[PDB]
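Written out below as structure tokens is the structure these notes cover.
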Amino acid sequence: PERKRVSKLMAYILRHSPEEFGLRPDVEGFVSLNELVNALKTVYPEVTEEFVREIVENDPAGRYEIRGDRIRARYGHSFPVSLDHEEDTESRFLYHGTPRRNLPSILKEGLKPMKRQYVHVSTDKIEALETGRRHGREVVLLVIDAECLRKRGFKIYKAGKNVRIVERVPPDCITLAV
Ligand SMILES: *O[C@H]1O[C@H](COP(=O)(O)OP(=O)(O)OC[C@H]2O[C@@H](c3c[nH]c4c(N)ncnc34)[C@H](O)[C@@H]2O)[C@@H](O)[C@H]1O
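Going left to right, the sequence shown walks through residues 3 to 180 as the deposited numbering numbers them.
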């Protein structure tokens with residue numbers, strides 16, 4: 003209950019609107035941990051640094067990263083950020099879940115970042131489908147040839163446990179839609 007509310011607000015601050023709370027993330031997307039706790043307290047005042055450190059440690063998707071006294075979101079940003087994730091050179095197939103209503107536009111334009119900086123995909127079929135279900139009920143599973151992306155210059159990076167980021171996904175690299 004309360005853990006999900008604080009995590010949703012953390013993602014809003016660290017991915018989209020930090021300046022709304024007086025925060026200035028560095029080029030790599032990090033903000034001061036102390037600054038984040040004080041920002042969160044203006045909405046939920048009974049939050050501590052230990053409560054936030056428990057969220058980061060127990061995050062099932064690996065959303066957040068703490069380097070000492072700093073904290074950032076690892077992906078999902080809507081403002082420019084210089085990330086240092088490792089490249090995914092092993093995956094052959096990647097997956098992306100999206101409402102079926104988006105398929106005609108995707109089959110002509112490919113996957114675009116839209117309001118975010120990068121296109122997000124997954125190595126896990128269940129995670130991709132759950133991600134698509136956020137936007138609507140009827141969801142299709144897209145299968146993406148990873149080597150198709152690499153041969154066209156689009157490197158894939160390991161942003162989370164199963165989450166992967168890439169600049170875009172041309173339609174020719176989408177092999178299947180189920
Ligand atoms: O942690 C969460 O955030 C990550 C991003 O989630 P996604 O659902 O992948 O993206 P999001 O920005 O919220 O939604 C964008 C939406 O737009 C669709 C899309 C992509 N490309 C096109 C084109 N060309 N035309 C029309 N629509 C689109 C995407 O499929 C998506 O539904 C992720 O890690 C998630 O867990």
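C-beta atoms are modelled at their ideal positions from N, C-alpha and C, and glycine is treated no differently.
Which residue's Cα is closest to the Cα of residue i: the options?
i	options	result
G31	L144, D174 and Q119	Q119
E22	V83, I128, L35 and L42	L42
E92	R166, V54, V180 and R136	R166
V58	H79, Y97, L35 and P172	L35
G78	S19, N60, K153 and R139	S19
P173	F95, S107 and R55	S107
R72	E51, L144, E140 and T177	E51
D61	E48, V49, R76 and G70	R76
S84	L16, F95, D28 and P115	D28
Taking the straight line between their C-alpha atoms, what separation do you get for residue i and residue j?
i	j	result
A63	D86	18 Å
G155	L38	36 Å
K163	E129	11 Å
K117	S80	6 Å
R65	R74	9 Å
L131	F53	30 Å
Output needed for residue i: all residues of its chain with C-beta closer than 8 Å, excluding positions within five of it in sequence on either side, in chain order.
i	result
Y46	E4, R7, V8 and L11
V142	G99, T100, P101, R102, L105, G134, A179 and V180
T44	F23
Kindly list the residues whose CB is nearer than 6 Å to the CB of residue i, restricted to its own chain and excluding five residues on each side of it in sequence; keep chain order.
i	result
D90	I158, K160 and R166
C175	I146, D147, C150 and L151
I68	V58
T125	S93 and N164
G138	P101
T177	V145 and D147
Ignore the nearest five residues each way along the sequence and tell me which others in residue i's own chain have a CB closer than 7 Å to its CB.
i	result
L113	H98, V121, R170 and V171
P82	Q119
Item to check | Uninterrupted beta strand (DSSP E) stretches inside the stretch 78 to 124 (no shorter than 3 residues) | outcome: 95 to 101 and 121 to 124
Item to check | alpha helix (DSSP H) runs wholly inside the stretch 6 to 86, at least 4 long, in chain order | outcome: 35 to 43 and 51 to 59
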